[PDB]
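J.: Here it is, the structure in full.
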Amino acid sequence: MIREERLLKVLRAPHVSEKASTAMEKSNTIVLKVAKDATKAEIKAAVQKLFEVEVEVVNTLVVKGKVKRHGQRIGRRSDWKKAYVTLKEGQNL
Amino acid sequence: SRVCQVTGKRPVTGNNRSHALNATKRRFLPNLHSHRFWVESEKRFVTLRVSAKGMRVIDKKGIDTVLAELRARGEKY
Amino acid sequence: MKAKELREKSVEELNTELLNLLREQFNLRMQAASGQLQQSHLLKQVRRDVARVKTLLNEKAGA
Amino acid sequence: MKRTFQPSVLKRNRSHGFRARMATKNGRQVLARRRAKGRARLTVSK
Amino acid sequence: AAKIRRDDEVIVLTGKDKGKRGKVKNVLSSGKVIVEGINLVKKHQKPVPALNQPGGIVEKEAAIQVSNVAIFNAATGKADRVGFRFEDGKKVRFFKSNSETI
RNA sequence: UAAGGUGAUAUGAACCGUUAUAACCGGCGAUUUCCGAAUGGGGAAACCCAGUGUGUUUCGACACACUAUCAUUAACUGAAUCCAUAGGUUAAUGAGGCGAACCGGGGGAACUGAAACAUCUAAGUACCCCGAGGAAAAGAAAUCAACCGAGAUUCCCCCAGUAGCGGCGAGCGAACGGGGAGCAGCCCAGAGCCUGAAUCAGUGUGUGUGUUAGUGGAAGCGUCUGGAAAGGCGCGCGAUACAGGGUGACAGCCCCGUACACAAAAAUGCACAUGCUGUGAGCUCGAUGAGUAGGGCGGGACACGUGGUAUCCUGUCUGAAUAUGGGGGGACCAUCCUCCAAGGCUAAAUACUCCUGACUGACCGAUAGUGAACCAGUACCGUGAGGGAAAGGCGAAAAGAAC
RNA sequence: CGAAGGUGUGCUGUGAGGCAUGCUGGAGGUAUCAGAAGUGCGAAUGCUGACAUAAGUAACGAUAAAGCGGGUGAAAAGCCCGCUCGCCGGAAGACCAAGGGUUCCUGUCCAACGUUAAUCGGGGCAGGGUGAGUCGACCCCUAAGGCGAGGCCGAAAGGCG
Numbered sequence: 001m002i003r004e005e006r007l008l009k010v011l012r013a014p015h016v017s018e019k020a021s022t023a024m025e026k027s028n029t030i031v032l033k034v035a036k037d038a039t040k041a042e043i044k045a046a047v048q049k050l051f052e053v054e055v056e057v058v059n060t061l062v063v064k065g066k067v068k069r070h071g072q073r074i075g076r077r078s079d080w081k082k083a084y085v086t087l088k089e090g091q092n093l
Numbered sequence: 001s002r003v004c005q006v007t008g009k010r011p012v013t014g015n016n017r018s019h020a021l022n023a024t025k026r027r028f029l030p031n032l033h034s035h036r037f038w039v040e041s042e043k044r045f046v047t048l049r050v051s052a053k054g055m056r057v058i059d060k061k062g063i064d065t066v067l068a069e070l071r072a073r074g075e076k077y
Numbered sequence: 001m002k003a004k005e006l007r008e009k010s011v012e013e014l015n016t017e018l019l020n021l022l023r024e025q026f027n028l029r030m031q032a033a034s035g036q037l038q039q040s041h042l043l044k045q046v047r048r049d050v051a052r053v054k055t056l057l058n059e060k061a062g063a
Numbered sequence: 001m002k003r004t005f006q007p008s009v010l011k012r013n014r015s016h017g018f019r020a021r022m023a024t025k026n027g028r029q030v031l032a033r034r035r036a037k038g039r040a041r042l043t044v045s046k
Numbered sequence: 001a002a003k004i005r006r007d008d009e010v011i012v013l014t015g016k017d018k019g020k021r022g023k024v025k026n027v028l029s030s031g032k033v034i035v036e037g038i039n040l041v042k043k044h045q046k047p048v049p050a051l052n053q054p055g056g057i058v059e060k061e062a063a064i065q066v067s068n069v070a071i072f073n074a075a076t077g078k079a080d081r082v083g084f085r086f087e088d089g090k091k092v093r094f095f096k097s098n099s100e101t102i
């Protein structure tokens with residue numbers, strides 16, 4: 001099918017909120033970080049359903065977790081999946 | 001393993017004793033050979049690894065009774 | 001006796017489960033990433049609400 | 001000089017990894033000893 | 001139950017000023033109560049952004065214990081101990097040597 | 001049970017709640033990602049790849065369930081090979097792996113001692129493996145005794161470091177008999193009367209009794225020192241409660257408590273006619289476990305090192321009588337006494353603590369006590385198995401020093 | 001109305017020792033008589049921690065040397081900018097695989113690491129940054145080799161296939 005609205009829990013944060021993200025928003029693409037087990041078709045259907053805008057293609061990259069912690073206590077941030085949602089037809093930006 | 005399959009004879013470990021009573025570990029082994037016995041009721045030859053005492057037990061008791069005890073124990077015949 | 005869910009012993013709980021996920025929990029996530037103040041207890045309340053609805057779904061298979 | 005340690009994750013895993021330990025009963029005993037000791041890393045390859 | 005309520009007119013027994021009487025503001029989980037105007041102390045506030053920008057030596061009430069704080073009695077002007085008894089599941093705190101329910 | 005809460009370093013922000021429905025604690029549930037016996041195939045742990053069905057479908061596909069190996073049983077097909085087996089496929093049941101100590105069995109050392117060392121010892125010890133159970137093993141005489149008798153097994157104290165074994169060296173070391181804890185005996189080898197005929201095991205209840213949250217719980221003021229009184233002083237009260245812990249210094253009467261009385265929706269462990277289901281009473285007659293006892297050869301265990309060596313197991317080769325009978329009483333024979341091997345089951349006294357709760361200590365107090373009082377099998381070191389630390393105390397309250 | 005501990009003083013006994021007291025300390029100490037010992041330390045190339053000595057001594061890591069002007073800064077031989085000078089150039093240039101794992105980029109800081117100072121850095125603290133139908137892995141297939149249903153063998157474990 002088109003994947004279910006319950007299973008469309010992939011859209012976590014709508015914006016990475018960065019200079020690169022705003023630059024490719026003002027030119028062409030929406031940048032947002034989605035899930036850990038999402039697929040390209042899942043993010044495409046999520047954008048087309050949860051937003052009103054149709055989507056051309058989705059480009060996904062997995063971001064590693066930073067350590068970012070001192071010497072006495074050692075920690076590691078969570079690995080997160082980013083997507084580059086390209087939407088050309090039917091866009092307002 | 002070397003099992004008599006009728007009488008259940010097993011390798012048993014012992015000692016070698018010399019004239020000066022030195023002790024060295026040795027193994028006592030059964031007299032096992034693979035023998036086909038003719039079973040009339042099954043109309044076929046059944047091959048079993050058996051001892052000499054197991055063969056005399058077969059000659060005393062009957063191959064039918066021996067295979068019945070074998071089926072009771074569960075070992076494949 | 002500590003908690004009462006007689007308002008959700010009704011049938012057709014899947015549609016309010018859908019309304020709790022779509023446009024409510026997703027909207028709280030988008031508004032929390034944008035930055036809002038009153039959303040903070042609302043995420044906890046919505047998560048406990050979907051937990052209650054799904055336990056009643058596991059109770060009655062009629063749904 | 002070439003030193004004794006030249007690292008490679010494939011030979012490291014295939015020698016000292018969890019599947020290599022669970023293949024043999026002595027490696028299973030090694031993992032049992034490390035679990036009984038309470039170590040954070042039972043398998044050091046993974 | 002608890003011998004000390006959220007808002008009860010209470011009299012301290014030991015320390016600071018012994019005889020003074022106050023009303024309970026907050027009861028903490030450590031066994032301590034903040035009572036109005038008893039453990040007056042002069043803490044120093046740092047410069048904080050938005051609120052408390054200049055800072056100061058502004059006063060606050062410190063924590064005093066439920067052991068040191070005792071329930072005051074209006075009928076007899078002295079500290080009174082608290083017992084609780086009722087036949088129903090709902091209990092009532094009763095004064096000792098006065099048989100009056102708080 | 002409740003007026004306070006949203007676990008800790010850790011403040012904050014937004015909130016929830018009245019003892020009548022916040023949080024907290026207990027019984028019963030719901031969910032329980034992935035790896036791991038891992039079990040759909042694979043694999044370099046937490047990853048890759050599927051197959052068959054059911055349902056939907058926006059044709060892009062999506063959700064869920066099942067699919068490992070072995071053992072037993074049943075069904076269907078089925079070779080060489082005519083019948084029949086072996087095999088193959090499906091279905092139901094069961095197993096796998098983990099775990100500190102105790103237990104039974106299978107293998108089983110050496111350092112060491114003999115002032116060397118080889119018989120001997122260390123020692124059936126360490127270790128490896130298999131198998132369970134809350135205990136395991138053993139167990140109702142082919143047993144001791146000595147002409148009187150005892151009457152299954154286990155464990156404790158004697159006997160007793162005796163008798164004896166021993167390069168008669170080092171060393172090893174009983175039983176008989178006595179005092180105790182605990183203390184019940186049964187079933188098949190076979191048929192009839194007898195057929196739930198007692199006992200035993202499973203299964204929700206009934207009652208008593210605990211367990212897993214809890215409830216109430218007595219009785220102190222004034223004054224001096226002091227930052228603060230629980231201390232000094234003076235006068236009271238409780239005590240089936242003066243075990244203990246904290247509170248600004250040492251509290252029977254400030255708080256939590258304790259002695260005492262009470263309480264369990266719900267689930268569970270022990271004890272009845274348990275209701276039921278199965279096994280199976282009691283009487284009569286009959287029998288009494290064959291490659292077995294025993295023997296030769298080689299070993300092993302009995303305190304017993306083959307010696308005059310009885311007893312048990314048997315790798316090997318043999319091999320009876322069969323209640324007109326056989327075994328034992330420490331070579332062996334006669335008399336006498338005693339008991340019936342070659343089939344099984346069995347509580348208690350017994351050994352142990354990974355864990356749970358309460359209490360105790362002429363036990364330790366941060367180089368001590370666990371390696372670890374501190375985010376310790378952590379940091380580090382090694383390819384790995386593995387090794388493995390250092391590190392406690394502000395104050396009563398942060399009032400943690402505004403300017 | 002000041003315990004144990006610490007630090008001086010005085011007195012005393014033949015000795016190990018004891019008593020009193022000033023200062024520090026800010027909560028314990030336990031005559032006398034018995035009782036039990038983890039009961040006394042200068043040594044063991046003793047174990048652990050602290051700190052001296054040599055001593056402000058050797059050394060500061062390829063002899064591919066640097067000089068100047070300006071800027072920032074509390075401070076400049078070392079940082080940035082610029083002009084000269086020198087070095088490598090089948091590398092001391094550039095790109096992968098193994099390996100490492102955030103060291104990459106930007107803003108800030110100079111306590112500890114930089115064998116000196118440091119405004120600087122592969123250092124501390126915050127944000128960022130890795131986009132694939134065609135490049136690799138995954139997947140199809142196989143060599144050496146591994147595992148191996150059934151099987152053969154082996155006290156058990158297990159060995160071979």
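Protein chains in written order, with the entry's author numbering: chain T, 1 to 93; chain X, 1 to 77; chain Y, 1 to 63; chain 2, 1 to 46; chain U, 1 to 102. Even for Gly, the Cβ is constructed at its ideal location relative to N, Cα and C.
(1) Taking C-beta pairs closer than 7 Å, name the residues in chain Y that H70 (chain T) reaches, listed in chain order.
(2) Is it true that the segment 10 to 20 of chain X meets the segment 51 to 58 of chain T, where meeting means three or more beta-carbon pairs spaced less than 8 Å apart?
(3) What is the rounded straight-line gap between the Cα of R85 (chain U) and the Cα of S97 (chain U)?
(4) I'd like to know if the segment 11 to 20 of chain Y and the segment 42 to 53 of chain Y are in contact, where contact means that at least 3 CB-CB pairs between them fall below 8 Å.
(5) Checking 9 Å against the spacing of the C-beta atoms, do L56 (chain Y) and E5 (chain Y) come in under that value?
(6) Assign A83 (chain T) to one of three DSSP states: helix, strand, or coil.
(7) From the DSSP output, in three-state form, read off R35 (chain 2) for me.
(8) How would you call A75 (chain U), buried or exposed, if buried means at least 16 neighbouring beta carbons within 10 angstroms?
(9) Answer with yes or no whether the minimum CB distance from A45 (chain T) to chain Y is below 9 Å.
(10) I need the boundaries of the beta strand (DSSP E) containing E59 (chain U), first residue and last residue.
(11) Output, in sequence order along the chain, the residues in the segment 18 to 40 of chain Y whose CB is closer than 7 Å to any CB in chain T.
(12) Taking the beta carbon of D17 (chain U) as the centre, do at least 16 other beta carbons fall within 10 Å, making it buried, or is it exposed?
(13) Which residues in the same chain have their Cβ closer than 7 Å to the Cβ of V58 (chain U), if we skip the five residues on either side of it in sequence?
(14) What do you get for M55 (chain X), buried or exposed, if any count of 16 or more other CB atoms within 10 angstroms of its CB means buried?
(15) Give me whichever residues DSSP pairs with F94 (chain U) in a beta bridge.
(16) Please report the residue range of the alpha helix (DSSP H) in which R73 (chain X) lies.
(17) Quick check: the segment 63 to 75 of chain X against the segment 38 to 48 of chain X, are there 3 or more CB pairs under 8 Å?
(18) For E18 (chain T), is the classification buried or exposed, using 16 other Cβ atoms within 10 angstroms of its Cβ as the cut-off for buried?
(19) With a threshold of 8 Å (Cβ to nearest heavy atom), would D64 (chain X) be considered close to the ligand SAH?
(20) Thinking just about the alpha-carbon of each residue, which of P49 (chain U), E36 (chain U), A70 (chain U) is nearest to the one in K60 (chain U)?
(21) In terms of residues, what are the limits of the beta strand (DSSP E) holding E9 (chain U)?
(22) If the criterion is Cβ atoms closer than 9 Å, does the pair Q31 (chain Y) and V46 (chain Y) meet it?
(23) May I have the straight-line CA-CA distance separating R12 (chain 2) from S45 (chain 2), to the nearest angstrom?
(24) Give me the Cβ distance between residue 101 (chain X) and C4 (chain X), rounded to the nearest whole Å; I'm assuming they're in contact under 8 Å.
(25) Residues of chain Y with a CB under 7 Å from the CB of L11 (chain T): which are they?
(26) So, helix, strand or coil for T43 (chain 2), using DSSP?
(27) Could you tell me whether the Cβ atoms of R69 (chain T) and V34 (chain T) are closer together than 9 Å?
T.: Let me lay it out:
(1) Position 70 of the first sequence, counted from the start, is the residue given in the question as residue 70 (chain T). Result: empty, since nearest Cβ-Cβ is about 28 Å, beyond 7 Å.
(2) Between the segment 10 to 20 of chain X and the segment 51 to 58 of chain T, the count of Cβ pairs shorter than 8 Å is below three; the stretches do not touch.
(3) One-based indexing of the fifth sequence puts residue 85 (chain U) at position 85. One-based indexing of the fifth sequence puts residue 97 (chain U) at position 97. Their backbone Cα atoms lie some 14 Å apart in a straight line.
(4) Taking a cut-off of 8 Å for Cβ pairs, the segment 11 to 20 of chain Y and the segment 42 to 53 of chain Y touch, as three or more such pairs fall below it.
(5) Taking the first residue of the third sequence as position 1, residue 56 (chain Y) is located at position 56. Taking the first residue of the third sequence as position 1, residue 5 (chain Y) is located at position 5. Taking 9 Å as the Cβ cut-off, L56 (chain Y) and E5 (chain Y) qualify as a contacting pair.
(6) Taking the first residue of the first sequence as 1, we reach residue 83 (chain T) at position 83. Three-state result, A83 (chain T): strand.
(7) Sequence index remark: in the fourth sequence, residue 35 (chain 2) carries index 35 (1-based). In the structure shown, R35 (chain 2) sits in a helix (DSSP, three-state: H, G or I).
(8) By 1-based counting over the fifth sequence, the position of residue 75 (chain U) is 75. The residue in question, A75 (chain U), is exposed, as its Cβ has fewer than 16 Cβ neighbours within 10 Å.
(9) For the purposes of this step, residue 45 (chain T) is taken as the residue at position 45 of the first sequence. No, because no Cβ of chain Y sits closer than 9 Å to the Cβ of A45 (chain T).
(10) Mapped onto the fifth sequence, residue 59 (chain U) falls at position 59. Here the beta strand (DSSP E) through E59 (chain U) covers 59 to 61.
(11) Residues of the segment 18 to 40 of chain Y that bring their beta carbon within less than 7 Å of a beta carbon in chain T comprise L18, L21, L22, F26, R29, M30, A33, in sequence order.
(12) In the fifth sequence, counting from the first residue as 1, residue 17 (chain U) sits at position 17. Here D17 (chain U) is exposed, its C-beta having fewer than 16 other C-beta atoms within 10 Å.
(13) In the fifth sequence, residue 58 (chain U) corresponds to position 58, counting from 1. If we look at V58 (chain U) and ignore the five residues flanking it on each side, its Cβ neighbours are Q45.
(14) Walking along the second sequence from the start, residue 55 (chain X) turns up at place 55. Taking all protein chains in view, the Cβ of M55 (chain X) is crowded by 16 or more other Cβ atoms within 10 Å, so the residue is classified as buried.
(15) Against the fifth sequence, residue 94 (chain U) aligns to sequence position 94. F94 (chain U) is bridged to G83 (chain U), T101 (chain U).
(16) By one-based count along the second sequence, residue 73 (chain X) stands at place 73. Taken as a continuous stretch (DSSP letters only), the alpha helix (DSSP H) holding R73 (chain X) covers 63 to 73.
(17) Contact holds: three or more Cβ-Cβ distances are below 8 Å.
(18) Working through the first sequence from its first residue, we reach residue 18 (chain T) at position 18. Counting C-beta atoms within 10 angstroms of its own C-beta, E18 (chain T) has fewer than 16 neighbours from the protein chains shown and is therefore classed as exposed.
(19) The ligand SAH is not part of this structure, which contains no ligands at all.
(20) Your numbering for residue 60 (chain U) matches position 60 in the fifth sequence. Sorting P49 (chain U), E36 (chain U), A70 (chain U) by C-alpha distance to the C-alpha of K60 (chain U) places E36 (chain U) at the top.
(21) Indexing the fifth sequence from 1 puts residue 9 (chain U) at position 9. First-last of the beta strand (DSSP E) with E9 (chain U): 9 to 12.
(22) As a working note, residue 31 (chain Y) is residue 31 in the third sequence. As a working note, residue 46 (chain Y) is residue 46 in the third sequence. Pairing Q31 (chain Y) with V46 (chain Y) gives a Cβ-Cβ distance that is not under 9 Å.
(23) Translated into the one-based positions of the fourth sequence, residue 12 (chain 2) becomes position 12. Translated into the one-based positions of the fourth sequence, residue 45 (chain 2) becomes position 45. Cα to Cα, the separation comes out at about 6 Å.
(24) Nothing can be reported for residue 101 (chain X), as the shown portion of chain X is limited to 1 through 77.
(25) By one-based count along the first sequence, residue 11 (chain T) stands at place 11. Annotation: Cβ neighbours of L11 (chain T) in chain Y (cutoff 7 Å, chain order): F26.
(26) Position 43 of the fourth sequence holds residue 43 (chain 2). If DSSP states are grouped into helix, strand and coil, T43 (chain 2) belongs with coil.
(27) The residue given as residue 69 (chain T) occupies position 69 in the first sequence. The residue given as residue 34 (chain T) occupies position 34 in the first sequence. Contact flag unset, no.
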